[PDB]
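In: part one of the complex, untouched from its place in the assembly:
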Amino acid sequence: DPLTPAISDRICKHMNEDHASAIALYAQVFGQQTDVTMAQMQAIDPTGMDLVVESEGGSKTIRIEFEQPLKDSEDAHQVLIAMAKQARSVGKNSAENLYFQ
């Protein structure tokens, strides 16, 4: 059930390998990062995730706190996939809301 640091290590590796676009998208939307070229997960725990975010001339580490705490490892992948969808939707709505002085 609970999220051992070894399962965090495995979740992060899986997401870095097979969902690098979802992580850039987390960093862009929840991370409010701009000209994000790439992003990797470094840790996940029940309250949030550590992302390393590369811009066109440097890198930083950000934290994204979850609205809901992560109960069980067995859910983490379905929740991260749902956050990637939610992030798609919120990025779409924001990009639409451009006004000019």
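Out: Arrived safely. Residues are numbered from 1 along each chain as shown, chains lettered A, B, ... in the order given.
In: Now do the contacts for the residue most central in space within chain A.
Out: In chain A, the centroid-proximal residue (C-alpha atoms, centre = their mean) is residue A:26; its distance is 3.5 Å. Residue A:26 is in contact with A:39, A:49, A:51, A:64, A:83-84, A:87, counting by C-beta atoms under 8 Å, 6 or more residues apart in numbering. Bear in mind the C-beta positions are built from the backbone N, C-alpha and C, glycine included.
In: part of a helix, is residue A:51?
Out: No - with DSSP: H, G, I helix; E, B strand; the rest coil as the criterion, residue A:51 is strand rather than part of a helix.
In: Count the residues that sit near it.
Out: 25 (other C-beta atoms under 10 Å).
In: Return the set of residues that bridge with it.
Out: residue A:41, residue A:62 (DSSP bridges).
In: and it, what is it in contact with?
Out: A:23, A:26-27, A:31, A:39-42, A:61-64.
In: Of these, just the buried ones, PyMOL syntax please.
Out: Buried residues among the contacts of residue A:51 (16 or more other C-beta atoms under 10 Å), as a PyMOL selection:
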select buried, chain A and resi 23+26+27+31+39+40+41+42+62+64
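In: Dump the contacts of residue A:51 into CSV; add distance to residue A:13 as well.
Out: Formatted as CSV, those follow (distance: C-beta to C-beta, whole Å):
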residue, distance to residue A:13
A:23, 12
A:26, 16
A:27, 18
A:31, 20
A:39, 14
A:40, 10
A:41, 8
A:42, 11
A:61, 17
A:62, 19
A:63, 19
A:64, 18
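In: Closest to residue A:71 out of the contacts of residue A:51?
Out: Within those, distances to residue A:71 taken as C-beta to C-beta reach their minimum at residue A:64, with 17.7 Å.
In: May I have the phi/psi pair for the closest one?
Out: Taking degrees, to the nearest 10, you get phi -120, psi 120 for the backbone angles of residue A:64.
In: That one and residue A:28, how far apart?
Out: For residue A:64, the distance to residue A:28 (C-beta to C-beta, to the nearest Å) stands at 11 Å.
In: slot chain B in:
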Amino acid sequence: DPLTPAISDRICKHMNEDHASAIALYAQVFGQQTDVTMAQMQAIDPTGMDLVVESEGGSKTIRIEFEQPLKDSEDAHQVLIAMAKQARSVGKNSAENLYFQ
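Out: One more piece, chain B, placed on the ones above:
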């Protein structure tokens, strides 16, 4: 001043008697050990240290490898103290790097 079995014993005794919180921190942070009941140094050598950890009634030996070989015995205490500061400081974000879903 090469590190010997004798010196190792004494370093371990000192850290166990006087720096018990530091060893738990090592096990928790570097060793990724969760719900840890006891942690003690068993041995130290130039390249690393061996820890015995009780998590759930059961015990294992974990090894933490140093980023750098210890030059000599006289460096051990100052490296272990610094390593306890280093461990207290993993996770920590600039603040400007904290966001929310």
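In: again for the neighbour count of residue A:51, chain B present now?
Out: Look at residue A:51: counted by other C-beta atoms under 10 Å in any protein chain shown, it has 27 neighbours.
In: Which residues are in contact with residue A:9?
Out: residue B:32 (C-beta atoms under 8 Å, 6 or more residues apart in numbering or on different chains).
In: quick one: it and residue A:41, what's the gap?
Out: 10 Å.
In: Is residue A:9 located within a helix, as I assumed?
Out: Yes - judged by three-state DSSP, residue A:9 forms part of a helix.
In: Chain A: strands as residue ranges?
Out: Applying DSSP state E to chain A gives strands spanning A:36-45, A:48-55, A:58-65.
In: For the closest residue in space to residue A:87 that isn't next to it in sequence, give me its contacts.
Out: Nearest residue to residue A:87, sequence neighbours excluded (C-beta to C-beta, 6 or more residues apart in numbering or on different chains): residue A:29, at 4.2 Å. Contacts of residue A:29 were listed using C-beta under 8 Å, 6+ apart, and they are A:87, A:90-91, A:94.
In: What count of nearby residues applies to residue A:28?
Out: For residue A:28, using other C-beta under 10 Å, the count is 19.
In: dump the residue contacts of the nearest residue to it once chain neighbours are set aside.
Out: Of all residues not flanking residue A:28 in the chain, residue A:36 sits nearest, at 5.0 Å (C-beta to C-beta, 6+ apart). Residues near residue A:36 by C-beta under 8 Å, 6+ apart: A:24, A:27-28, A:53-55.
In: give me the beta-bridge partners of residue A:36?
Out: Assigned bridge partners for residue A:36, using DSSP bridges, are residue A:55.
In: Next, find the distance separating it from chain B.
Out: For residue A:36, the distance to chain B (C-beta to the nearest C-beta, to the nearest Å) stands at 13 Å.
In: And residue A:17, by the same measure?
Out: Taking C-beta to the nearest C-beta, one finds residue A:17 at 20 Å from chain B.
In: show me the contacts for residue A:19.
Out: A:80-81, A:84.
In: next one: phi and psi at it?
Out: phi -150, psi 40.
In: and chain C on top of that:
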Amino acid sequence: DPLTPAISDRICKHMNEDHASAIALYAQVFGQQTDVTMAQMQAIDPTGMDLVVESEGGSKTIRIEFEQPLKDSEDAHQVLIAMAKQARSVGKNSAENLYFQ
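Out: Okay, here's chain C dropped in alongside the others:
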């Protein structure tokens, strides 16, 4: 002793967090990639290491085979640190031995 998949993951995670510039360097010199923005270790085993390299173009996986197989897991770090030195020291002699046609 034996380099396990679990230890591979730990070495790669360490190298990606503490030595990212070293891995970019491996991709550059050992991996003859010239355009390299960044690079992550994906796996390490006794005979070599697997890298994801990002060029402006995009991403690719490469493998670098060690000259001598890793004797064990505890040798990995000192071998990687030495390879980073090997790698930084390729543009050497030529520096003082410039001649003109």
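In: Same as before for the neighbour count of residue A:51, with chain C this time.
Out: 27.
In: Ramachandran angles for residue A:3?
Out: Per degrees, to the nearest 10, the backbone of residue A:3 is at phi -100, psi 90.
In: wait, doesn't it sit right on residue A:43?
Out: No - counting by C-beta atoms under 8 Å, residue A:3 does not reach residue A:43; the two are 10.3 Å apart.
In: so how far does stretch A:23-36 reach from one end to the other?
Out: For stretch A:23-36, the first-to-last residue distance is 10 Å (C-alpha to C-alpha, to the nearest Å).
In: What parts of chain A come near chain B?
Out: A:4-6, A:9, A:30-32, A:43, A:50, A:60-67, A:83, A:86 (C-beta under 8 Å from any C-beta of the partner chain).
In: can you do 7 Å?
Out: Residues of chain A lying near chain B by C-beta under 7 Å from any C-beta of the partner chain: A:4-6, A:30-32, A:60-67, A:83.
In: with these in mind, which one is nearest to chain C?
Out: When those are ranked by distance to chain C (C-beta to the nearest C-beta), residue A:6 comes first, at 7.7 Å.
In: Could you check how far that closest one is from residue A:22?
Out: With C-beta to C-beta as the criterion, residue A:6 and residue A:22 are 22 Å apart.
In: more crowded one of those two?
Out: Shown here are residue A:6 and residue A:22; by other C-beta under 10 Å, residue A:22 has more neighbours (19 against 14).
In: I figured that one hits residue A:85, correct?
Out: No - using C-beta atoms under 7 Å, residue A:22 is not in contact with residue A:85; the gap is 9.2 Å.
In: Residues that sit against both of these two, list them.
Out: Here residue A:22 and residue A:85 have no joint contacts, going by C-beta atoms under 7 Å, 6 or more residues apart in numbering or on different chains.
In: So which bits of stretch A:13-24 are buried?
Out: By neighbour count with 16 or more other C-beta atoms under 10 Å in any protein chain shown, stretch A:13-24 contains the buried residues A:13, A:15-16, A:19-20, A:22-24.
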